[PDB]
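So this one's two forms of a single chain, laid out as C-alpha cells and tagged structure 1 and structure 2.
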Structure 1
C-alpha cells in the first residue's frame, strides 16, 4: 500500500508509519520559492529512494548529494521494523538556492513505525495465524480461505433460560469455546505519538449479527467486556507498547437468512486527530471477514447417536419393541411421556474448525395446536433456532414430518456432498398448501443443502415423510430410495385373492376395527377405492420423477413398498393402513410401522412381502406396533421418533455452491 505523506513548507511533520505500507513524499511543494536543488538525510531504519519520473535510486543516510527540485522528483519512504523510541526515525530535506552551498531552509518528517494487524483463523485450522493476507475475503472449497463463526445458539447454564446469543453478557466461561478468536496484534514504542488512537468498529447492519468480547483479567477474576454488538458500533482500544496482543472472542447472533448472506466484517482503524469538531481521519484500516456457519440436516444414512421417542406411558408394545430394536445398536434411547418430537423438531448441526454442536430447528407455532416453542432441549452444546411467519398462516406443511434430506448425490456432474433438503408442496397453479416462506427462505439461505420441493399436497397431512424414505445398502457406500406404491399393494392383494385368500381379514387384533370386517375381497371389490388409489399412484409417480431428476437416481436405486390410501372430502389421501415407508433407520436395522395386513398362514402378507424385498439386501426388519394400544387405526399416527445422527465427515466449507 502506497500512502501519501507530503512535506510541509518550512516544517517538521510527524507521522505514524504502519508496517506493510510505504509512503510517497512530495518535497517539491514544500520547497521555498527560488529554491533550485535539495539534499536529504535519513536515519538508519528508514529506507529512502529518490524517484524521478518513475525511476528510483536509493540514497545514503547522509550524502551531500543534491537533486534538481521538480514536481516529478519525489521521495519513496519505507520502514521494515517498528520504532523502539529510543528510535530517532526521520527524513530531513535541505533546500538550496542557485548561488551558495549553505541550505536556505529545511523540511522534515519524523516517523514512528508501528505494527497493527487484526488476525483471525482464515486458513481454518483452529489457530489464529499472523496476518493471513486472505483474511479480508471469504472463499469456498478445499483451497478456500476466511474465518468461520458459529451462531452461539446453545445455553451454557439454565439460570438464564434464553440461548446464549440472546444476551449481551457472558455469564459462563465455557461459552468462550463456542466463539471465534480474533487477536489485535501490535508492536511499537511505549506510547503512540500525540493525536492518534486505535478503534475497532462494525457497521450498523452487522451489529445485530455479531457480538465481540474482551476477557479482562482484573483483580477479582476474569470478566468479559462487550465491546461491539447490539448498540455498540465502535470501541476505543487502549494501546500497549512493545509487542502486545489483545484477544477478543466473537459470537454469531444470526443464521444466514433471506437478506443476510452470512458474511460479516470487523475493522480496526488508526485514527488521527485533526481538531475539535473535525472527524478523526482513518490513517490505516485493517479488516477481517467472518462467515457464519449454516444450519445443516442429517440424512438417514448417517450414523445414529440417539433415538428420541414420545408416546403415552401405557403403550407397552411400542416401547418394548423400540427398546429392543435400539439394543441391536449402539444408540441411546430417550423417552418422553403426541407426535411433536417428529413434527415439531428437526435435529441439525453447525460446525466450525474449532468446534461444532447439534442444533434443533423448532417448527412454527400455529396459535392452535402449538401456542409455545419447545425450548426444553436447549442446553450445553445443544443449540436452538426457530422461524415464525409474520402475516402468513401456518399449515400442516410446516410440520417437520414435511422436512427431510437426501443422502449425498451427484446430479448432472454436480456433487451435493451434504445431500439435498426435501420439502413437500403443491403445484404452482393449484392454490394448494405450501410451507411458509419464512421457513423456506431460511432453508434456502443455508445454501449447502440446495433444497428441492416435492409434491406432498395430495396427502391430507401433506408430508414427504408419508411417501418416501432412504436406506443404506449394507456393506456398501450406496443407498436406496423407498417409495410408497398403491399399485404394488393391489398386485399383492390380487395375487392373494387368486391364491384363495380373499376372505383374509385386515387389522387382526385391533378390536375397534373388527365390526368393519375388512377383507382382501372387500377392498378389491370397491371400485371407487381403486380409482382413488390409481390417482394416488399418479401422485407418487410424479414425485418419483422429480426425485430421479433432482437426486440423479435411476430405477435401480428405487424399491417400491405396498401402501394404500382413502380419499377424504378434500380429495386428499389418508393412509388406509400404517405407512411402512416412514421407518426408523439405524444403519442396517429398520424399525418399520406394523401394517396389520391380511393374515395368510398366520403371518401378515404385507410384513412378509416387505421382508422379501429388503432382507436379501442385508437389511434387518423389525415391525413396531404403535397402534394396538389404541385398538384401531384411523389414518393417524400417535407415536413419534426422531433420530439424532453424527454430522457428515465432509466439511461444509469444502463445498462450492452455485452462484
Structure 2
C-alpha cells in the first residue's frame, strides 16, 4: 500500500530491509554510468519487479535478457509478499550497456531482507488482539466504529494487551534496530510493561511512561510475538481528549553523531475509557450506609428494606476526617469498561483528606463549597431529547444563575464530568438551597413492570394544598414531629404553619425555584408532565435567603427497583397516621412502588434541617456499551 523510495547507487550494491505491506520504487537512471544507453535486470524468486515507464508498468522475469532505454521516467517497482529466511537470497541486479556492445559495462545491485513488523491491538473491540487491523491507527465511535480501548489503573492480567508481531530471518541485518516509543505529552497518560529478560524469568518491567519515552526491543528470528501490557494513567479531562498513541519504528544507523532514520513506523491508538455514573433505575447490588453507632431505628429499618431485596447491606460508621453523610457526599459509585474487562470505580473526595474492598477502583481528589458534595451530582435514566438519544443518561449538577454571583461546583470537577462526554452533563439550579444539592429536590424511580421511569420533584404547593385540606377537615390542631421530644415545646400544628404569613411567602418563592428546575429537566431530559410526580415538601428560609428542609426531604430516597426507602417525614398525625406518609403512599403505591419509611432522625430527638446519615447504592452497569454511543463533536 505504501510506496518507499530506494535508489540504486552508482556502481555499487545497496542493502535494505523491506517491510511487508510496503513496496519500493527504485531509480535505476541515477546509478547508470555516464554514456550508458540501456539497462537489463535479473531478480530472485521471491522478489517481484515491474519496469515502470510514464506510469505504465510491466512485470519482468527472473532472468530476462530484455533491455529498456535508460530514462529518468523509467524506473523499477519492487514488491515482496513473504518474509526472508536463511534460505533466501532476495535481490535485484541491474546491468548497464553502452551503444556499442552487448556485454554489460557496469552493474548495480539491491540486496533485500524482508521482514514483517506489526504492532497489534484489539481495535475491533472483541477482547482478542487481531492481526494488523487496518483501522488500528484511528479511533471511531459507534456500532461500526473501531480502535482500541484502555482502562485507567485506579488501584496486570486485566490491562490492555498490545502485541508486536514479527517474522524474518535469524537476525536483523547490520545497522538496524526496532524501538517502541511515545510522545512526551502522552508520557503521563500511559504506561507499558514488558518482560525485558525472558531467559531470566517472568518479571515485567515498566518500559514506557513517565520519564521513559522509548524502548529498544530485542529482535528474535522466525515468527515471534512480544506481549506488552498497557495501562491508562488518567481519565479524559479539560486538556486531554482521552486519546493516546504508541509507535514502533524500524531505525537505520547512518553514522556516528547522526540520528537514526525511522525507515518504517507502525502506530496504534488507544482511547482511555471514561468514568460512567449509574442512575437509580439500574439493578442494585450493594447498599452502603453510614450513621452513628446508636441510630438503631435507622439501621434496623434499612436492614429490613434491604431484606426485601437480593442486595447486600454494608454498614460504615462515622470517621474523624469525614462528614456525617460521607457515604453519600464524599463517595460516588461509577464504573469503567473495556471490551475485555470492566470494574466499579469510586470517586473519593474526603472532607479533610476504610474504603469498599478490593473489587473497586478508586479515584481520589488531589476553595470548596457544599455544591462540591456528591449529593449535588445525579444522573438521569436513558433519555431521548429532540430525536437525540443519550443511552447512558445525562449527569445533573446543581449550580447558580450565571449573573448571580452564587456558588458553583468547582471547575475542576465540572470539567472532569464534561470531559467524560458520554453522559453530556446538564446544570440545574441548586443554589437556592442552604446545602445546595440537587438530591434535596429531585429523584428518579422506575415504573414497575415497565421500561419507563418517573421524575419525582419536591413541591411546597403540594404540601400547602394537603395541609389546607386537613385544616378544612377539622385537623388544624394536628401536631407534627410526634416522637421528637426536642421539638415538643414548639407545638407545631397545621394551624400554626398555615397562619405564618412570611413562611407562606418563603415557600411560594421556593416553589418558583423548583419550577425553574422542572422546566430545565423537561427541556434537557425530554420529559412531559406525564413523566413527573410531585411530593410534598416544606422549607424555611435562612439568613442568606436559602432553603433548609422544615421536615425531612422525602425525595431523597433509597431506590431498589420497586422498593423505596423514604425518609420518615414526621408530619401531622391524622387518625394516628402521618398525613404526609399516607399522601405519598397514595401517589406511589398505585404504580406498584412499595414504600418503606425510614426514620433517620429520631435518635437526635429533633430536626433542624440537617440529616445525619447517608446511603449510597452500587448498581450493575448499563448493558449498552459506551463505545457504541456517538457523542456530539
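Throughout, rigid core stands for the largest set of C-alpha atoms superposing within 1.5 Å between the two forms. Residue numbers count along the first chain shown, from 1.
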property	result
Which of 527, 327, 545, 216 is displaced between structures 1 and 2 by 2 angstroms or more at its C-alpha, rigid core aligned	216
Rigid core superposition, residue 272 Cα moves 2 angstroms or more between structures 1 and 2	no
Core-superposed C-alpha of residue 381 shifting 2 Å or more between structures 1 and 2	yes
Residue 86 CA shift between structures 1 and 2 in angstrom, with the core used for superposition	1.8
